[PDB]
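Undergrad: So here's upload.cif (mmCIF, C-alpha atoms).
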```
data_final
loop_
_atom_site.label_atom_id
_atom_site.label_comp_id
_atom_site.auth_asym_id
_atom_site.auth_seq_id
_atom_site.Cartn_x
_atom_site.Cartn_y
_atom_site.Cartn_z
CA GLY A 1 47.37 181.70 137.75
CA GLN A 2 49.56 184.03 139.88
CA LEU A 3 49.00 186.75 137.36
CA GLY A 4 51.16 189.90 137.30
CA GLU A 5 49.20 193.14 136.84
CA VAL A 6 50.60 193.89 133.36
CA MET A 7 49.15 190.59 132.29
CA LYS A 8 45.89 191.73 133.78
CA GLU A 9 45.72 194.65 131.38
CA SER A 10 46.72 192.39 128.49
CA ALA A 11 44.00 189.98 129.47
CA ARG A 12 41.29 192.60 129.45
CA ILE A 13 42.41 193.77 126.04
CA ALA A 14 42.27 190.30 124.58
CA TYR A 15 38.90 189.77 126.17
CA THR A 16 37.39 192.82 124.56
CA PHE A 17 38.79 191.84 121.22
CA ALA A 18 37.09 188.48 121.54
CA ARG A 19 33.79 190.14 122.28
CA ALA A 20 34.12 192.34 119.25
CA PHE A 21 35.15 189.62 116.89
CA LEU A 22 32.15 187.49 117.66
CA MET A 23 29.44 190.05 117.02
CA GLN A 24 31.32 191.16 113.93
CA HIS A 25 31.42 187.58 112.66
CA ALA A 26 28.34 185.59 113.80
CA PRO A 27 25.90 187.97 115.56
CA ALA A 28 23.35 185.34 116.58
CA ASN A 29 25.80 183.70 118.95
CA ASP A 30 26.10 185.49 122.28
CA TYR A 31 28.11 183.17 124.50
CA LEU A 32 30.72 185.70 125.52
CA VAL A 33 28.74 188.77 126.47
CA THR A 34 26.11 186.83 128.45
CA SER A 35 28.17 184.47 130.62
CA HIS A 36 30.85 184.42 133.25
CA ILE A 37 34.13 182.65 132.47
CA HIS A 38 37.20 181.53 134.41
CA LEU A 39 40.51 181.59 132.56
CA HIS A 40 43.86 180.19 133.72
CA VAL A 41 47.35 181.02 132.43
CA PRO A 42 50.04 178.78 133.98
CA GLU A 43 52.92 180.63 135.54
CA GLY A 44 56.45 180.52 134.16
CA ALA A 45 56.90 183.35 131.69
CA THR A 46 59.39 185.95 132.78
CA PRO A 47 57.61 189.29 133.33
CA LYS A 48 59.09 191.10 130.36
CA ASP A 49 57.74 188.44 128.01
CA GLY A 50 54.41 188.31 129.88
CA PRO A 51 52.14 189.84 127.25
CA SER A 52 53.31 187.37 124.58
CA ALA A 53 50.83 184.77 125.69
CA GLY A 54 47.93 186.97 124.68
CA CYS A 55 47.48 185.75 121.14
CA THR A 56 46.77 182.28 122.47
CA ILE A 57 44.15 183.67 124.83
CA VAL A 58 41.86 185.01 122.21
CA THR A 59 41.88 181.76 120.35
CA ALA A 60 41.06 179.99 123.60
CA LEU A 61 37.94 182.02 124.14
CA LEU A 62 36.74 181.61 120.60
CA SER A 63 37.17 177.86 120.79
CA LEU A 64 34.90 177.81 123.79
CA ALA A 65 32.37 180.03 122.04
CA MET A 66 31.63 177.90 119.04
CA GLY A 67 32.72 174.94 121.17
CA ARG A 68 34.68 173.29 118.39
CA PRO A 69 38.20 172.00 119.22
CA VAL A 70 41.22 173.84 117.92
CA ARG A 71 43.05 172.03 115.14
CA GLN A 72 45.56 169.66 116.70
CA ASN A 73 49.16 170.43 117.65
CA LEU A 74 49.06 173.99 116.33
CA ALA A 75 51.22 175.83 118.81
CA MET A 76 51.11 179.62 118.57
CA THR A 77 52.27 182.85 120.10
CA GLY A 78 51.96 186.54 119.43
CA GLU A 79 50.78 189.75 120.98
CA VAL A 80 47.35 191.23 120.30
CA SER A 81 46.58 194.87 119.66
CA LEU A 82 42.88 195.42 120.61
CA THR A 83 42.16 195.77 116.87
CA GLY A 84 43.58 192.58 115.42
CA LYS A 85 47.06 193.78 114.61
CA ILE A 86 49.79 191.53 115.98
CA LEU A 87 53.16 192.67 117.32
CA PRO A 88 56.66 191.17 117.52
CA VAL A 89 57.59 188.88 120.40
CA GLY A 90 61.08 188.27 121.75
CA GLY A 91 63.35 185.28 122.25
CA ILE A 92 62.14 183.28 119.29
CA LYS A 93 64.96 180.76 119.05
CA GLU A 94 64.33 179.21 122.46
CA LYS A 95 60.68 179.08 121.72
CA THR A 96 61.20 177.22 118.49
CA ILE A 97 63.39 174.57 120.07
CA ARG B 1 51.62 203.15 111.46
CA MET B 2 49.79 199.93 112.35
CA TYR B 3 46.47 200.65 110.66
CA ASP B 4 46.58 202.52 107.34
CA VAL B 5 42.98 202.48 106.14
CA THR B 6 41.73 203.02 109.73
CA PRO B 7 38.45 201.04 109.87
CA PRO B 8 35.65 203.00 111.67
CA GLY B 9 36.07 204.00 115.28
CA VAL B 10 39.88 204.15 115.36
CA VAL B 11 41.73 207.46 115.35
CA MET B 12 45.37 208.43 115.34
CA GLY B 13 46.68 210.50 118.19
CA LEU B 14 50.00 212.04 119.11
CA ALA B 15 51.33 211.54 122.61
CA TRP B 16 54.21 213.23 124.41
CA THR B 17 55.55 210.09 126.03
CA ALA B 18 58.28 209.94 128.64
CA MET B 19 60.96 209.69 125.94
CA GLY B 20 60.41 211.26 122.57
CA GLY B 21 56.93 211.23 121.14
CA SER B 22 54.94 208.48 119.51
CA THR B 23 51.76 208.25 117.46
CA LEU B 24 49.69 205.82 119.49
CA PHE B 25 46.26 204.92 118.07
CA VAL B 26 43.00 205.03 120.07
CA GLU B 27 40.32 202.35 119.55
CA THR B 28 36.72 201.59 120.50
CA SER B 29 33.99 199.09 119.86
CA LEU B 30 30.60 197.79 120.84
CA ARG B 31 30.40 195.36 123.72
CA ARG B 32 26.79 194.11 123.37
CA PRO B 33 24.18 193.97 120.63
CA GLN B 34 22.66 197.40 120.56
CA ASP B 35 18.91 196.85 120.02
CA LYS B 36 18.46 194.92 123.26
CA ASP B 37 14.99 196.48 123.58
CA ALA B 38 13.20 198.76 121.14
CA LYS B 39 11.67 200.46 124.21
CA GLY B 40 14.86 200.17 126.27
CA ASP B 41 15.90 203.17 128.39
CA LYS B 42 19.30 202.42 129.91
CA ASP B 43 22.40 204.58 129.83
CA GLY B 44 24.91 203.37 127.30
CA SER B 45 27.64 202.96 129.90
CA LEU B 46 31.22 203.28 128.71
CA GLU B 47 34.10 201.06 129.85
CA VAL B 48 37.51 202.70 129.63
CA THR B 49 40.67 200.57 129.49
CA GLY B 50 44.44 200.73 129.11
CA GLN B 51 46.01 201.19 132.56
CA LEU B 52 44.12 204.41 132.94
CA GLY B 53 45.05 206.91 135.64
CA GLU B 54 42.16 208.41 137.61
CA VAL B 55 42.62 211.94 136.22
CA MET B 56 42.26 210.41 132.80
CA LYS B 57 39.11 208.77 134.05
CA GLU B 58 37.58 212.15 134.76
CA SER B 59 38.73 213.44 131.38
CA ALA B 60 37.23 210.45 129.65
CA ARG B 61 33.83 210.92 131.20
CA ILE B 62 33.87 214.57 130.24
CA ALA B 63 34.61 213.81 126.63
CA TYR B 64 31.95 211.14 126.69
CA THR B 65 29.29 213.56 127.79
CA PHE B 66 30.28 216.03 125.13
CA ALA B 67 29.84 213.36 122.48
CA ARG B 68 26.45 212.50 123.87
CA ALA B 69 25.39 216.10 123.54
CA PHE B 70 26.86 216.73 120.13
CA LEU B 71 24.87 214.04 118.39
CA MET B 72 21.47 215.15 119.59
CA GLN B 73 22.37 218.72 118.75
CA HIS B 74 23.46 217.65 115.25
CA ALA B 75 21.52 214.61 113.96
CA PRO B 76 18.67 213.80 116.38
CA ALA B 77 17.43 210.69 114.59
CA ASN B 78 20.59 208.81 115.46
CA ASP B 79 20.70 207.46 119.00
CA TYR B 80 23.72 205.17 118.94
CA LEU B 81 25.52 206.71 121.87
CA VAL B 82 22.86 206.93 124.53
CA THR B 83 21.44 203.47 123.82
CA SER B 84 24.52 201.23 123.74
CA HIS B 85 27.47 200.10 125.78
CA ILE B 86 30.96 200.82 124.44
CA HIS B 87 34.46 199.67 125.28
CA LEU B 88 37.18 202.24 124.68
CA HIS B 89 40.93 201.70 124.88
CA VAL B 90 43.68 204.34 125.16
CA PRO B 91 47.20 202.81 124.91
CA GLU B 92 49.50 203.68 127.76
CA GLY B 93 52.62 205.78 127.38
CA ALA B 94 51.66 209.36 128.05
CA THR B 95 53.29 210.88 131.09
CA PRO B 96 50.64 211.85 133.64
CA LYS B 97 50.95 215.61 133.19
#
```
Using the file provided, produce a representation of the structure as C-alpha cells.

TA:
Amino acid sequence: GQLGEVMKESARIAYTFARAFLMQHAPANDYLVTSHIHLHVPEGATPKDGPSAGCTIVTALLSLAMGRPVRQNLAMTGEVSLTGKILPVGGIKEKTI
Amino acid sequence: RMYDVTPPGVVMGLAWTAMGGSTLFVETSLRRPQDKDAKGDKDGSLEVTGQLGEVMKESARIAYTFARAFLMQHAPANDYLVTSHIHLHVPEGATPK
C-alpha cells in the first residue's frame, strides 16, 4: 500500500510484538511464526502521522491468528512500543469527528 | 520512564542523541518456540531491528558473540542463547558517531 519507509520500520516492530504476544499467551497456536502473510495499509495518512496506524495492525494480525472477528464498530488508533506500551498520537479532534 | 518494573529482557540505556540526551530503552524477545528439537543443532540466529546502521550491525554481532561465550563460561547447563532465535530492537535516535 505505497508504504513509506518509516512505516516499514513501524510495521516490523508491530509484527514482532504480535509474535511475542502469541507465544506468551497461547503457546500451542503457531499461526504467525510458521506462515507467510500479506498485509495492506491503505494510503492517505500524512507522513508525520504515519506510525499512528500501528496499533490497529497488531490487532489485525491477532484476529487472523485465532480467526475470530473483531468486535464490531470498534475503531481504534495508537502507536505501539515493541513491548506493549502505547504512545500519544496527534490531531485527535479531526479523528474523532 | 515507560517501563518501571522492567519485565525480563528489557534494559535502560542512555543515548547521546542529536539534541540533548534521552534514556531510550532496549528490548528483546523470542521469535519461535525454543525446544524445536531436543537433538536440534542450529545456530540461534539473531534479528536486529530499529533502523539500524551497518556499523551498529557489526557492533551488535560482536556483543552477541560475547554473550554466547559468557554463558558457557559461567553456567554451562543453560543453553538458551545458542539454541534459539531472538529478535532484538534498539530504538533509533543516537547520532552515528

Undergrad: Define the interface residues of chain A facing chain B as those within 9 Å, counting all atoms listed in the file, and report them as a ChimeraX atom specification.

TA: /A:6,9-10,12-13,16-17,19-20,23,27,30,33-34,82-83,85

Undergrad: Report the distance between atom CA of residue 46 of chain B and atom CA of residue 22 of chain A in Å, rounded to one decimal place.

TA: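 A separation of 19.3 Å between them.
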
Undergrad: To verify the selection step, state as a list in words which residues the PyMOL selection byres ((chain B and resi 95) around 9) yields on this input.

TA: residues 15, 16, 17, 18, 92, 93, 94, 96 and 97 of chain B

Undergrad: Please return the centre and edge lengths, in Å to one decimal, of a box with edges along x, y and z that contains all listed atoms of segment 7-19 of chain B, widened by 4 Å on every side, as AutoDock Vina command-line options.

TA:
```
--center_x 48.3 --center_y 207.1 --center_z 119.3 --size_x 33.3 --size_y 20.2 --size_z 26.8
```

Undergrad: Could you tell me how far atom CA of residue 62 of chain B lies from atom CA of residue 44 of chain B, in Å and to one decimal?

TA: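 Atom CA of residue 62 of chain B sits 14.6 Å away from atom CA of residue 44 of chain B.
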
Undergrad: Do you have the atom CA of residue 86 of chain B-atom CA of residue 47 of chain B distance handy?

TA: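 Atom-to-atom, atom CA of residue 86 of chain B to atom CA of residue 47 of chain B, that is 6.3 Å.
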
Undergrad: A:7, A:70, A:18, A:61: which is nearest residue 45 of chain A, counting all atoms listed in the file?

TA: A:7

Undergrad: Report as a ChimeraX atom specification the residues that result from applying the PyMOL selection byres ((chain A and resi 95) around 12) to the structure here.

TA: /A:45,49,52,75-78,89-94,96-97

Undergrad: Please identify all polymer residues within 12 Å of residue 70 of chain B, counting all atoms listed in the file, omitting same-chain residues fewer than 5 positions from it, and present them as a ChimeraX atom specification.

TA: /B:63-65,75-76,78-79,81-82

Undergrad: Which residue is closest to residue 37 of chain A? Choose from A:59, A:64, A:14, A:24 and count only C-alpha atoms.

TA: A:64

Undergrad: Find, counting only C-alpha atoms, the residue in B:45, B:73, B:23, B:34 that gets nearest to residue 90 of chain B.

TA: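 Of all the options, B:23 lies closest to residue 90 of chain B.
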
Undergrad: Find the spatial neighbours of residue 4 of chain A, counting all atoms listed in the file, within a cut-off of 10 Å - ignore same-chain residues fewer than 3 positions away - and output them as an MDAnalysis selection string.

TA: chainID A and resid 1 7:9 43 47 50

Undergrad: Any chance you could build segment 17-41 of chain B out to N, CA, C and O atoms and write it as a PDB file, in the coordinates of the input?

TA:
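Saved as part00.pdb:
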```
ATOM      1  N   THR B  17      55.097 211.124 125.118  1.00  0.00           N
ATOM      2  CA  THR B  17      55.550 210.090 126.030  1.00  0.00           C
ATOM      3  C   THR B  17      56.779 210.514 126.814  1.00  0.00           C
ATOM      4  O   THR B  17      57.378 211.554 126.576  1.00  0.00           O
ATOM      5  N   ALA B  18      57.154 209.656 127.757  1.00  0.00           N
ATOM      6  CA  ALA B  18      58.280 209.940 128.640  1.00  0.00           C
ATOM      7  C   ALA B  18      59.589 210.115 127.902  1.00  0.00           C
ATOM      8  O   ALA B  18      60.498 210.753 128.435  1.00  0.00           O
ATOM      9  N   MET B  19      59.737 209.531 126.715  1.00  0.00           N
ATOM     10  CA  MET B  19      60.960 209.690 125.940  1.00  0.00           C
ATOM     11  C   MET B  19      60.574 209.861 124.476  1.00  0.00           C
ATOM     12  O   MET B  19      60.072 208.932 123.850  1.00  0.00           O
ATOM     13  N   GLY B  20      60.821 211.040 123.932  1.00  0.00           N
ATOM     14  CA  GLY B  20      60.410 211.260 122.570  1.00  0.00           C
ATOM     15  C   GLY B  20      58.909 211.392 122.529  1.00  0.00           C
ATOM     16  O   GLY B  20      58.254 211.666 123.526  1.00  0.00           O
ATOM     17  N   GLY B  21      58.366 211.161 121.348  1.00  0.00           N
ATOM     18  CA  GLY B  21      56.930 211.230 121.140  1.00  0.00           C
ATOM     19  C   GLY B  21      56.571 210.153 120.155  1.00  0.00           C
ATOM     20  O   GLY B  21      57.368 209.786 119.298  1.00  0.00           O
ATOM     21  N   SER B  22      55.370 209.613 120.311  1.00  0.00           N
ATOM     22  CA  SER B  22      54.940 208.480 119.510  1.00  0.00           C
ATOM     23  C   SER B  22      53.472 208.607 119.158  1.00  0.00           C
ATOM     24  O   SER B  22      52.687 209.148 119.931  1.00  0.00           O
ATOM     25  N   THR B  23      53.121 208.119 117.973  1.00  0.00           N
ATOM     26  CA  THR B  23      51.760 208.250 117.460  1.00  0.00           C
ATOM     27  C   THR B  23      50.915 207.015 117.789  1.00  0.00           C
ATOM     28  O   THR B  23      50.561 206.212 116.935  1.00  0.00           O
ATOM     29  N   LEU B  24      50.596 206.874 119.060  1.00  0.00           N
ATOM     30  CA  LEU B  24      49.690 205.820 119.490  1.00  0.00           C
ATOM     31  C   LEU B  24      48.270 206.008 118.973  1.00  0.00           C
ATOM     32  O   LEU B  24      47.733 207.111 119.012  1.00  0.00           O
ATOM     33  N   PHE B  25      47.663 204.928 118.479  1.00  0.00           N
ATOM     34  CA  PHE B  25      46.260 204.920 118.070  1.00  0.00           C
ATOM     35  C   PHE B  25      45.322 204.754 119.254  1.00  0.00           C
ATOM     36  O   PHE B  25      45.690 204.166 120.255  1.00  0.00           O
ATOM     37  N   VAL B  26      44.084 205.242 119.115  1.00  0.00           N
ATOM     38  CA  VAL B  26      43.000 205.030 120.070  1.00  0.00           C
ATOM     39  C   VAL B  26      41.891 204.227 119.412  1.00  0.00           C
ATOM     40  O   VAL B  26      41.509 204.551 118.282  1.00  0.00           O
ATOM     41  N   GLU B  27      41.296 203.264 120.146  1.00  0.00           N
ATOM     42  CA  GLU B  27      40.320 202.350 119.550  1.00  0.00           C
ATOM     43  C   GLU B  27      39.095 202.171 120.420  1.00  0.00           C
ATOM     44  O   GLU B  27      39.138 202.379 121.630  1.00  0.00           O
ATOM     45  N   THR B  28      37.981 201.781 119.792  1.00  0.00           N
ATOM     46  CA  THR B  28      36.720 201.590 120.500  1.00  0.00           C
ATOM     47  C   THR B  28      35.878 200.565 119.791  1.00  0.00           C
ATOM     48  O   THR B  28      36.056 200.316 118.605  1.00  0.00           O
ATOM     49  N   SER B  29      34.901 200.015 120.505  1.00  0.00           N
ATOM     50  CA  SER B  29      33.990 199.090 119.860  1.00  0.00           C
ATOM     51  C   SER B  29      32.808 198.782 120.752  1.00  0.00           C
ATOM     52  O   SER B  29      32.872 198.931 121.971  1.00  0.00           O
ATOM     53  N   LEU B  30      31.756 198.281 120.123  1.00  0.00           N
ATOM     54  CA  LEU B  30      30.600 197.790 120.840  1.00  0.00           C
ATOM     55  C   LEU B  30      30.957 196.621 121.719  1.00  0.00           C
ATOM     56  O   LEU B  30      31.923 195.916 121.457  1.00  0.00           O
ATOM     57  N   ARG B  31      30.204 196.455 122.798  1.00  0.00           N
ATOM     58  CA  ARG B  31      30.400 195.360 123.720  1.00  0.00           C
ATOM     59  C   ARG B  31      29.137 194.540 123.926  1.00  0.00           C
ATOM     60  O   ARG B  31      29.169 193.574 124.682  1.00  0.00           O
ATOM     61  N   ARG B  32      28.025 194.871 123.279  1.00  0.00           N
ATOM     62  CA  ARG B  32      26.790 194.110 123.370  1.00  0.00           C
ATOM     63  C   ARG B  32      25.989 194.429 122.135  1.00  0.00           C
ATOM     64  O   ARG B  32      26.235 195.458 121.510  1.00  0.00           O
ATOM     65  N   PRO B  33      25.054 193.581 121.733  1.00  0.00           N
ATOM     66  CA  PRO B  33      24.180 193.970 120.630  1.00  0.00           C
ATOM     67  C   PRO B  33      23.385 195.187 121.062  1.00  0.00           C
ATOM     68  O   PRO B  33      23.028 195.315 122.231  1.00  0.00           O
ATOM     69  N   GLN B  34      23.132 196.092 120.124  1.00  0.00           N
ATOM     70  CA  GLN B  34      22.660 197.400 120.560  1.00  0.00           C
ATOM     71  C   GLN B  34      21.157 197.385 120.801  1.00  0.00           C
ATOM     72  O   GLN B  34      20.695 197.885 121.832  1.00  0.00           O
ATOM     73  N   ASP B  35      20.374 196.769 119.915  1.00  0.00           N
ATOM     74  CA  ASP B  35      18.910 196.850 120.020  1.00  0.00           C
ATOM     75  C   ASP B  35      18.391 195.780 120.986  1.00  0.00           C
ATOM     76  O   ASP B  35      17.619 194.892 120.638  1.00  0.00           O
ATOM     77  N   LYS B  36      18.875 195.862 122.225  1.00  0.00           N
ATOM     78  CA  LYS B  36      18.460 194.920 123.260  1.00  0.00           C
ATOM     79  C   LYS B  36      16.982 195.052 123.581  1.00  0.00           C
ATOM     80  O   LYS B  36      16.352 194.082 124.017  1.00  0.00           O
ATOM     81  N   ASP B  37      16.408 196.230 123.348  1.00  0.00           N
ATOM     82  CA  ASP B  37      14.990 196.480 123.580  1.00  0.00           C
ATOM     83  C   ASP B  37      14.629 197.727 122.798  1.00  0.00           C
ATOM     84  O   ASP B  37      15.243 198.779 123.000  1.00  0.00           O
ATOM     85  N   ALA B  38      13.638 197.611 121.916  1.00  0.00           N
ATOM     86  CA  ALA B  38      13.200 198.760 121.140  1.00  0.00           C
ATOM     87  C   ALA B  38      12.678 199.870 122.046  1.00  0.00           C
ATOM     88  O   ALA B  38      12.832 201.055 121.730  1.00  0.00           O
ATOM     89  N   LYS B  39      12.079 199.508 123.179  1.00  0.00           N
ATOM     90  CA  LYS B  39      11.670 200.460 124.210  1.00  0.00           C
ATOM     91  C   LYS B  39      12.733 200.743 125.259  1.00  0.00           C
ATOM     92  O   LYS B  39      12.450 201.508 126.189  1.00  0.00           O
ATOM     93  N   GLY B  40      13.902 200.111 125.172  1.00  0.00           N
ATOM     94  CA  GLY B  40      14.860 200.170 126.270  1.00  0.00           C
ATOM     95  C   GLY B  40      15.322 201.581 126.584  1.00  0.00           C
ATOM     96  O   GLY B  40      15.571 202.388 125.684  1.00  0.00           O
ATOM     97  N   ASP B  41      15.398 201.889 127.890  1.00  0.00           N
ATOM     98  CA  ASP B  41      15.900 203.170 128.390  1.00  0.00           C
ATOM     99  C   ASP B  41      16.954 202.893 129.450  1.00  0.00           C
ATOM    100  O   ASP B  41      16.650 202.862 130.642  1.00  0.00           O
TER     101      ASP B  41
END
```
